Amino acid sequence: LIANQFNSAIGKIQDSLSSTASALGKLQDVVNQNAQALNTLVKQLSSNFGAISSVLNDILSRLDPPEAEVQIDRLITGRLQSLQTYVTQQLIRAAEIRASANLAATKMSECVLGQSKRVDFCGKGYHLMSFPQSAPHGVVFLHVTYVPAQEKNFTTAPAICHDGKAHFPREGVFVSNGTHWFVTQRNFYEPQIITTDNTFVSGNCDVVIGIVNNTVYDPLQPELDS
Amino acid sequence: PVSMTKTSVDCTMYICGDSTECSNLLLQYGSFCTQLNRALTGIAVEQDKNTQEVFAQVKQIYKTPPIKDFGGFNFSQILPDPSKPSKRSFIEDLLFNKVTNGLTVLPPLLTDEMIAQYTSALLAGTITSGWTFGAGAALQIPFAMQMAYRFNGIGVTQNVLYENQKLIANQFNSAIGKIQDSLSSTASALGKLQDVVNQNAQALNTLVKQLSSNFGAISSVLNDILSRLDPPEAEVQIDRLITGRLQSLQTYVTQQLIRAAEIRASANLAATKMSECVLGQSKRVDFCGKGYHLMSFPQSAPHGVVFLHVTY
Amino acid sequence: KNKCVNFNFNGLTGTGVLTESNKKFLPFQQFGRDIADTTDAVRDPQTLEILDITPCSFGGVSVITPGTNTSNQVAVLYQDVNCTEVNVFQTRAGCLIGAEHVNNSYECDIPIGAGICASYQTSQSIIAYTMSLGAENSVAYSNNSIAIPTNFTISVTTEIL
Ligand SMILES: *[C@@H]1O[C@H](CO)[C@@H](O[C@@H]2O[C@H](CO)[C@@H](O)[C@H](O)[C@H]2NC(C)=O)[C@H](O)[C@H]1NC(C)=O
Ligand SMILES: *[C@@H]1O[C@H](CO)[C@@H](O[C@@H]2O[C@H](CO)[C@@H](O)[C@H](O)[C@H]2NC(C)=O)[C@H](O)[C@H]1NC(C)=O
Ligand SMILES: *[C@@H]1O[C@H](CO)[C@@H](O[C@@H]2O[C@H](CO)[C@@H](O)[C@H](O)[C@H]2NC(C)=O)[C@H](O)[C@H]1NC(C)=O
Ligand SMILES: *[C@@H]1O[C@H](CO)[C@@H](O[C@@H]2O[C@H](CO)[C@@H](O)[C@H](O)[C@H]2NC(C)=O)[C@H](O)[C@H]1NC(C)=O
Ligand SMILES: *[C@@H]1O[C@H](CO)[C@@H](O[C@@H]2O[C@H](CO)[C@@H](O)[C@H](O)[C@H]2NC(C)=O)[C@H](O)[C@H]1NC(C)=O
Ligand SMILES: *[C@@H]1O[C@H](CO)[C@@H](O)[C@H](O)[C@H]1NC(C)=O
Ligand SMILES: *[C@@H]1O[C@H](CO)[C@@H](O)[C@H](O)[C@H]1NC(C)=O
Ligand SMILES: *[C@@H]1O[C@H](CO)[C@@H](O)[C@H](O)[C@H]1NC(C)=O
Ligand SMILES: *[C@@H]1O[C@H](CO)[C@@H](O)[C@H](O)[C@H]1NC(C)=O
Ligand SMILES: *[C@@H]1O[C@H](CO)[C@@H](O)[C@H](O)[C@H]1NC(C)=O
């Protein structure tokens, strides 16, 4: 069942990526931002900034050096401020991209190379494993996570009383289908008979709030009887 | 801090406020102002993304049942209070009360009532369902037994909780009361949020005050230059003012971009804390308060989030 | 008064709406300034009345549109204005024209601001509504009820960085 579910999930990833393009908006945003910045940088070459012509060669071929100096100074001021703007925006954007790259390196180290217990760091669910996939100027992680599916109401109890001794579950939780009490692992319903091998005894019955009564089946007594 | 104030500024009205000659002179500079507006709009969109990342982490809007048998733990000061008009908690109300030319301030996409609804959903999920509602469908669990699970997550067996439940509940209620009293007494707590607010206010005020500077021109008033000088020389003076005011905008936008990068780092940290600290239980040391982390409760705040880290 | 005029008092000039203000100038004071050195009140030289100056209303004009591949019908958002200064909807985010107000709440598609979103839903036209935070739920919490999942789903999610 688990292998089939995983194969189906990979198939659904294929279907989504071959269907909708909106998934890679994060990479496309980077590409578009950089392209728009370069387009603005180029279009700033065609501005006058107050000079008689945006083209340097026209000013040079039209004016004597004393006035060509003033016009070229105007153009130089404008274009140098354009590069200053472009470089500042690029530095800020590259800091943001480096933050994303550090996050992706952390996700690869803690998410592909191991199993993360951090919540929502590796996809929504209980992280199982992650598979990296390269992408143009980026990385795509396929986070395989465990998601509980079909939950059933149960009656629960913090502990149970057997002989004046309060039994708490070792690794699990006491539940009751309505008549019989069981101990089950808390993430997946598999009922088990409450024995001394499933529980541990601490203190007496007068303290725990919500304690209930049941028999803790001692395995050794039937063996002694037989 | 999670978000800034979504401020947008129009060049043509800022540099050349209602002036034909100045606007014509400003045309020569190209797309400087288109890219200024683009940078500011990108910042504002990022601010909405910050708030959505931090708070909109819960699929369904859970709500605590009218019966409040939380094993003796008293969450009345953090759960929503319907008596107030806006469905905010007592501590959220304290937090909100403690914080005090082409320039537009765009309203945030999520209103404060919606932010409070998200924090309410997160509290209800954490209280009534532990960490399960982050992994999947919210599964109810008695709060005493959830605290037993959290104790087991720090290396203390659950019998300790069950045998010291009354003392633990009293200690937790005492701690919540101490939070209330501190947040009613001293305003020095919310310096992190008030600093963001003050920095933005100083930036905008300086940007406006820059309209009173000559930048070398005969006057900082543009109509006065127009009514005093002949067009050939008024062009030079207006170009001086345009260069000065355009530089003022460029400085303001660059500074806002850097500050917004800082705020986005803070908002990513807040999103990580909400995911790993409210929706779960963290074994990362000192990431969720000084101690062994048991559970955390979020509270909305003016342009920020407040985490109440319960630690052992 | 109460009209966008290009005034010119004693020496100071500007554009705005002049309204009967209740500020109390001193007898020698002529005009008032804001915290940011911006003139907001002027004493009328002929009759000693104090007039508050408010800038003539302005703001961005934002066009809300689904994809042209989907439709060529749009809506317009006049930011932070009275709807009279412009199927008309007044919001906190401005004046919205061309979108039909709906009392239903849906998942946000095109963000407008202050909790209002827009979308192109059905016979199809632009709708504007208070965005929905999610499907409101109440957990069946009680002091002895636990829910334990009896089955699981292995999900593969894509994260792009
Ligand atoms: C709770 O579980 C117990 C144990 O499985 C159920 O008791 C068994 O029920 C089946 C059929 O219902 C019988 O064939 C067994 O003989 C029963 N065993 C014992 C020891 O009684 C019990 O019926 C379940 N209760 C509910 C309400 O479903
Ligand atoms: C679990 O079993 C114990 C023992 O039978 C119950 O304790 C009895 O409680 C009643 C009333 O509180 C007393 O009159 C008896 O004297 C107690 N027993 C003894 C041996 O002293 C206890 O009440 C049971 N709990 C539940 C929930 O049924
Ligand atoms: C949870 O704590 C709050 C605050 O201490 C309690 O509310 C107070 O209750 C007392 C007694 O009824 C009143 O005199 C106060 O006026 C209340 N204060 C406020 C701010 O409402 C509340 O009773 C506690 N809940 C439980 C179940 O003990
Ligand atoms: C300027 O002259 C006008 C009229 O020539 C004055 O207006 C009069 O002002 C007085 C006192 O304020 C009022 O009693 C009259 O009703 C006004 N007359 C009219 C026709 O409105 C005005 O006061 C003068 N102002 C100055 C500063 O000399
Ligand atoms: C757990 O859920 C899975 C998935 O719904 C169930 O497997 C399905 O079983 C039906 C009936 O045999 C098949 O038609 C489907 O093809 C199965 N799904 C898959 C993905 O193989 C499974 O039966 C459930 N387990 C329990 C105990 O309820
Ligand atoms: C558990 O019981 C409550 C109340 O009877 C109900 O609201 C809830 O749907 C039940 N859970 C399931 C999984 O049916
Ligand atoms: C749960 O609350 C009900 C309602 O009063 C009460 O009868 C019952 O004893 C409580 N049980 C526990 C374990 O708190
Ligand atoms: C419009 O969108 C559809 C997908 O719904 C796509 O198949 C189609 O090519 C698009 N039209 C154009 C002109 O791109
Ligand atoms: C905007 O103008 C209209 C018409 O005068 C008015 O009804 C409305 O109240 C104004 N806006 C606000 C926020 O009051
Ligand atoms: C939406 O609610 C308002 C407020 O009561 C009401 O006047 C209006 O008729 C409602 N619209 C519809 C379509 O029901």
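Note that chain C carries Swiss-Prot numbering, so the residues on display, from first to last, are 535-620, 641-676, 689-727.
Any Cβ shown, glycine's included, is placed from N, Cα and C.
Cβ neighbour count for C:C590 (disulfide bond): 15 (other Cβ atoms within 10 Å of its Cβ, all protein chains included). The disulfide bond annotation in Swiss-Prot covers C:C538-C:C590 (among others).
The N-linked glycosylation site annotation in Swiss-Prot covers C:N603 (among others). DSSP gives C:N603 (N-linked glycosylation site) a coil state; it is part of no helix or strand. When other Cβ atoms within 10 Å of the Cβ of C:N603 (N-linked glycosylation site) are tallied across all protein chains shown, the result is 6.
What Swiss-Prot records for C:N616 (among others) is N-linked glycosylation site. According to its DSSP assignment, C:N616 (N-linked glycosylation site) is coil.
Around C:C649 (disulfide bond), taking its Cβ as the centre, 20 other Cβ atoms fall within 10 Å, counting all chains. Annotation comment: Swiss-Prot describes C:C617-C:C649 (among others) as disulfide bond, evidence class experimental evidence.
The annotation N-linked glycosylation site is assigned in Swiss-Prot to C:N657 (among others). Less than 8 angstroms from the CB of C:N657 (N-linked glycosylation site) sit C:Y695, each of them six or more residues away in the same chain.
If you look up Swiss-Prot, you'll see C:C662-C:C671 (among others) marked as disulfide bond, on the strength of experimental evidence. In three-state terms derived from DSSP, C:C671 (disulfide bond) belongs to an extended strand segment.
Taken from Swiss-Prot, the feature O-linked glycosylation site covers C:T676, and the record attributes it to experimental evidence. Non-local contacts of C:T676 (O-linked glycosylation site) by the CB criterion (under 8 A, 6+ apart in sequence, same chain) comprise C:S689, C:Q690, C:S691. Annotation note: C:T676 (O-linked glycosylation site) sits in a coil segment as assigned by DSSP.
For C:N709 (N-linked glycosylation site), no same-chain residue lying six or more positions away in sequence has a CB closer than 8 A to its CB. As annotated by Swiss-Prot, N-linked glycosylation site applies to C:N709 (among others).
The N-linked glycosylation site annotation in Swiss-Prot covers C:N717 (among others) and is backed by experimental evidence. The DSSP secondary structure for C:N717 (N-linked glycosylation site) is coil. For C:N717 (N-linked glycosylation site), the number of other Cβ atoms no farther than 10 Å from its own Cβ, over all displayed protein chains, is 12.
Residues from the set of recorded positions C:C617, C:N657, C:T676, C:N709, C:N717 situated with their C-beta under 8 Å of a chain B C-beta: C:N709. DSSP assigns C:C649 (disulfide bond) to a strand. Chain A comes close to none of the recorded positions C:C538, C:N603, C:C617, C:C649, C:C662, C:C671, judged by a C-beta to C-beta distance under 8 angstroms. If you compare Cα positions, C:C649 (disulfide bond) sits closest to C:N616 out of the recorded positions C:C538, C:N616, C:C662, C:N717. Among the recorded positions listed here, namely C:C538, C:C590, C:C617, C:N717, C:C617 has its C-alpha nearest to that of C:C671 (disulfide bond). Under the DSSP three-state reduction, C:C662 (disulfide bond) is assigned to coil, being neither helix nor strand. Proximity of C:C538 (disulfide bond) to non-local residues of its own chain (separation of 6 or more, Cβ distance below 8 Å) is seen for C:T549, C:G550, C:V551, C:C590, C:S591, given in sequence order.
Calculated from their C-alpha atoms, the gap between C:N603 (N-linked glycosylation site) and C:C662 (disulfide bond) amounts to 20 Å. For the pair formed by C:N717 (N-linked glycosylation site) and C:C617 (disulfide bond), distance between Cα atoms is given as 55 Å, rounded to the nearest Å.
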